[PDB]
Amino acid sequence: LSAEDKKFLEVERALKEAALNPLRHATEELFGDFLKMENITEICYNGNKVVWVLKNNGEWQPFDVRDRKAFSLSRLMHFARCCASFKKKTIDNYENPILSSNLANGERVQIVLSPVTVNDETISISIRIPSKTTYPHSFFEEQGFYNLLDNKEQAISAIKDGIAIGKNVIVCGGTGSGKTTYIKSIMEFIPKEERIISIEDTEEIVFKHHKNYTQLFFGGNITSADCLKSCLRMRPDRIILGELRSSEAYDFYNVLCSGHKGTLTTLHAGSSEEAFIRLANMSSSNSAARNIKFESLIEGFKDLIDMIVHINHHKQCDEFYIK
């Protein structure tokens, strides 16, 4: 069937390779050395002959690229153009100086040009590196993930036993704090017989304890809401929503309201209460919420969310809310 399968994919593969190879070459040329670096979370070029890399230890390390032709205005613009085209977009110095796209393997990219940047010779690029490593929960415990807590042994038992039972857990905190890395490690305590369905923007979640699952990805014309809606027609036991953002908020609400089994999700929020308040906000941005009261929404989540885990800028839990 492989031979017969190769002829089946021949046309579609060919079309991707023609569109992606120019971008694979430009990406390696400019950022190969940096994308090879260990424990990095972001790479940024500020348009001034210096590349800034952000380590997981919260430190920014600059690199001089003054003597490289890859950081020549014409090479940078080629790269930008390869990025836009890959996602069927355009980037120019008029109606499209800001561009959102992805590299060949999925990492998100943000490019800005003149007139939006300070001047003529300044091109701005920033790439976000996905969570590509899985640390076992045991590791978190050893690194003292729960030490800033008063009920350390109570937190560690609520998480493990809570998720085994299928409670709706939310992991929140600021960017690059470890939310995605954390939800991944706790998937250990989901029974191995559970059917799991994930909704992501970029492949990050790995399945090492489950054989019955399906990954769903959004982008371009397929929204997050589309996937979630499709997900409900695919009989899941658990639903892992990569991260909440906007209108998906409301659709998420109803999924908890139909009394559905254990949902895992990440979200940007400063604390438990800022979360319950943030869930109501994002939820109002979606049409089918107009006739619903803000207090009605906040009181809903507070009744459906079984536990919230917040993480500070030092990658440690400093609040373990439980209902």
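Numbering starts at 1 and runs along the sequence shown.
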query	finding
Per the entry, higher mean C-alpha B factor between 116-124 and 143-151	143-151
Between 191-199 and 84-92 (mean CA B-factor, as deposited), the higher	84-92
Member of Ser284, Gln61, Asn48, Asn57 with the greatest C-alpha B factor (per the PDB record)	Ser284
Highest-ranked of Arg24, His314, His310, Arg13 once sorted by CA temperature factor in the record	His314
Cα B factor band for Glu107 (lowest, middle or highest third within the chain)	middle
Ranked C-alpha temperature factor of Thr263 among modelled chain residues, by third	highest
B-factor third for the C-alpha atom of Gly162 within its chain	highest
Third of the chain's Cα B-factor distribution that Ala269 belongs to, per the entry	highest
Position of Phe207 among the chain's modelled residues by C-alpha B-factor, lowest, middle or highest third	middle
